[PDB]
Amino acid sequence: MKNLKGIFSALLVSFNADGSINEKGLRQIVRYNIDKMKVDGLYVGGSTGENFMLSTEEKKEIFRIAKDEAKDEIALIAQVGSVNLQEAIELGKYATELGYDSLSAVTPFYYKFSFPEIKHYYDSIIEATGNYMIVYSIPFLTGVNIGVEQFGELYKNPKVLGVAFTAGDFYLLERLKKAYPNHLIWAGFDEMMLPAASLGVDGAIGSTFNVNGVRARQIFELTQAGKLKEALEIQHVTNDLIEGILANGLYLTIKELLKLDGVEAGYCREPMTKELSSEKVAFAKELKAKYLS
């Protein structure tokens, strides 16, 4: 398998005003991430891709386009999970047929699934697809917390590579590295990249890398090299940008910052707010002038 370490943008998708995928803009976002953000890979179909608001056919179309555009130039991870295991299997087979390097799956949500249910969900997608699997943990959205011993159970399936860790529990993080030193962790919070990197995460997956992937890689590499003073300066500027993005509307503002570099990054999909008001456009432009010029 391709090396799955380093910087992965969580791929945003270009939507038309009616909510349909804009293929031309999606291809532009892919190309911008490869050529300009110089990412190691793309995480496709995650929360950033507005995935959970889309139909099965739409998720396939995104997987097909992203893989057609990226070809073999970078690593590609397909997030196929949802509350629907039969959909996760179907998407998982599809992305596997398309040559995606690993699958990833959000812990099933909404219903209060027991841990054995959650494990069986992972084991079923793996068995049905035969592909690698990255557990996607995002407690602040799912309300699901997985402990060290529970991760170990998940890791008994030798196709589980590790965890996309969109959590802030740095004690849990350190304990997962100690217990399962050969399993990978990708840090999911961009605004906490430096401290996650200081504990030896193997890479990161983030929304803001679609526009700030140059700083993200510096923070990651500089931390790993022990150049903490410099990584901290770059985290500080990054977090001024991120604080601004979050204040303005995270997905719409990253898209606006893409548009300001000529990427037809499109609308967001309803029920998210579909377009930035003119005041927030002006705000995004200030962020561009201050941080990305």
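Counting begins at 1, following the sequence as shown.
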item: Mean C-alpha B-factor comparison - 103-111 and 213-221, higher one; value: 213-221
item: Mean C-alpha B-factor comparison - 227-235 and 36-44, higher one; value: 227-235
item: Maximum C-alpha temperature factor, selected from 118, 80, 135, 201; value: 201
item: Third of chain Cα B-factors occupied by residue 150; value: middle
item: Third of the chain's Cα B-factor distribution that residue 50 belongs to, per the entry; value: lowest
item: Ranked C-alpha temperature factor of residue 10 among modelled chain residues, by third; value: lowest
item: Record-listed C-alpha B factor of residue 91: chain third; value: lowest
item: For residue 98, the third of its chain into which the C-alpha B factor falls; value: highest
